[PDB]
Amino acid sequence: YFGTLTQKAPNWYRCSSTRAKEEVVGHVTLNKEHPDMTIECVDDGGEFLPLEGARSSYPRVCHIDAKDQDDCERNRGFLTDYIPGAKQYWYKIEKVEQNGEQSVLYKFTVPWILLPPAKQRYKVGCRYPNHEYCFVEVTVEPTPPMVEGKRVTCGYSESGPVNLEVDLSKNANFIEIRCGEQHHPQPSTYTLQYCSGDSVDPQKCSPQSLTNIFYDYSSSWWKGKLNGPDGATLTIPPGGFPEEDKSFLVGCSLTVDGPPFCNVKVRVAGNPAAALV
């Protein structure tokens, strides 16, 4: 049931219902420099795979291991499970007529600031009523981990933990940490505990009380969830700062318990600063 897939440009593929003898699969990579892709389905008398997936208010995609059109569609996933915040209007759809050939063009663009914190793979393509199909696999590259001011955006890599450091002090007393809606906090008890070990890996975390770090500590100093849409914000009242410089580890895991990990070392400045003793 293989349709015939040809590449017209990087991230632009064309499928027709001409029966090919071997399965050819397209390969798209979406990142900041190449935030868009085009799927072109030839109408031989031209639907995006999965059917309706580029028109619906909840956009839908194939699992990356779908074996064919029916396997894809009977198991169709949600685009937002791969890219949080994805919207139908990230697709622009066009009918094109050329020299007696009708095709439909589905051009998908990810706003680059919304690239996910971990690499994702799904696939889409073209499908026909007689069950013919072409797959185009989509790799969505991640937003780099970063610390911008006091906002810490975690990220995940299979080639090792991500380590980020950020500062807290009396006069710059809040930080925001984002694990992403797809991921998970470490330790899970982070509003009460930090990792005294050298990783937020549950096997290495060695959770200890945040009363080791702050004075008059309260879990109420955290607002928002680490895996909520805006991450979690930790705000330290001025009296909360100890006399000594300190640090603690909090972070994120890809899955509830498992790697990759993102380790955020929060460096707490002692109060008073030496100038003001």
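In case it trips you up, residue 1 is the first one in the sequence shown, and so on.
The gap between residue 45 and residue 46 holds 1 to 3 unmodelled residues of the deposited sequence.
Two stretches are in play, 258-266 and 16-24, and the higher mean C-alpha B-factor belongs to 16-24.
For the pair 240-248 and 226-234, the mean B factor over Cα atoms is greater in 226-234. For the set 141, 101, 137, 165, the maximum C-alpha B-factor listed in the entry falls on 101. When the C-alpha B-factors of 190, 122, 106, 90 are ranked from the entry, the top spot goes to 106. Sort the modelled residues of the chain by CA B factor and residue 176 lands in the lowest third. Sorting the modelled residues of the chain by their CA temperature factor places residue 129 in the highest third.
Looking at the C-alpha B-factors along this chain, the one for residue 184 belongs to the lowest third. For residue 61, the recorded CA B-factor ranks within the lowest third of the chain. Only modelled residues enter the ranking.
In the PDB entry, a CA B factor belonging to the highest third of its chain's modelled residues is recorded for residue 111.
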